[PDB]
């Protein structure tokens, strides 16, 4: 049967470690795929870790220019949370250099985008076979979440972008049932930019905190209703959560527009808590190093900067990077609410380190109604490798 996922997100006080794969450290001797963009999504029976491979293995010559982000070898696959993205326990998902996945309660639906930049094709799979397709509608690197999509009562949703990484681009919302596309919407967002949305379900609607790679150091937000009507804007909090970004003291919040003259970014996330908000971010304001999640009072509806909680998951002497959302299915947690969880990607190698390769590891954390002490569950791999 289908996963209702109509409950509201659980109000958490802190997050506890769920897993840590140690992908890279292990890959020193083992046969581990070189990856990037790992993320978590759950079925009502287990949670899996999805990832994009370079079709090559750690400590091998094919892991060379594995920094480019795209190639015809790039593939989407998965293992159960905590397992390294190793070859012998991996499941093939889709041919992709950009993906998103989610389970509706019956089967898994994946979306892998591959093909030429000017005419990429996003193939949708369901139950292990392709079912529908979305062709590039703006001829410029069609891309999606790199995080778990969202399924509410059988219908699954996700966000996609097509256009430049700087100036105005084009964004759309997609909705599907059993792998077949059943609706779509264009998101009007002039002056704003949207990418790599980290979504989760809350009170029957789909909430996402994305990435503005054009001019925003604060993150865009969009509440998608089942009928595809929607509300787009920015995380209200008077604190920036993208990288690169300026100081918090130099940042005035804004619920409607981007702020700060930073034109880059990194995939991040946020969880609504009533009117409050749990927002993650790299400790460093310039580099993808360290990770922390802050809970801002009324930070979801106000330009508030009233911090009530702060928990470090990767200190600032260690590499971090991408991070995304997903929720624990009620059939697994037993709760009456949707337990909010996230993962932190820890990128190793180029561009920051002197190695011919680039891959990443991940740590997973979940909701919990207790204050969790600060610590650093960093990658821990020793570079360079037999390079």
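Numbering follows the first chain given and starts at 1. If you superpose the two forms and keep the largest set of C-alpha atoms that fall within 1.5 Å, you have the rigid core.
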message = Which segment is farther from the shown form on average in 4 other deposited structures of this protein after a rigid core fit, 232 to 240 or 68 to 76, going by CA atoms?
response = 68 to 76
inquiry  = Going by the mean C-alpha B-factor recorded in the entry, which is higher: 356 to 364 or 328 to 336?
reply    = 328 to 336
ask   = So 119 to 127 or 251 to 259, which one's hotter by mean CA B-factor in the entry?
value = 251 to 259
inquiry  = Can you tell me which of 200, 92, 88, 264 has the maximum CA B-factor listed in the PDB entry?
reply    = 264
request  = Check the PDB entry and point out which of 213, 268, 274, 164 has the largest C-alpha temperature factor.
outcome  = 164
query = What third of the chain, by the recorded C-alpha B-factor, contains residue 306?
reply = highest
ask   = By its CA B factor, does residue 323 count among the lowest, middle or highest third of the modelled residues in the chain?
value = lowest
Residue 151 by Cα B-factor - lowest, middle or highest third of the modelled chain = highest
task = Classify residue 18 as lowest, middle or highest third according to the C-alpha B-factor given in the PDB entry, relative to its own chain.
result = lowest
ask   = Comparing residue 3 with the other modelled residues of its chain, is its CA B-factor in the lowest, middle or highest third?
value = highest
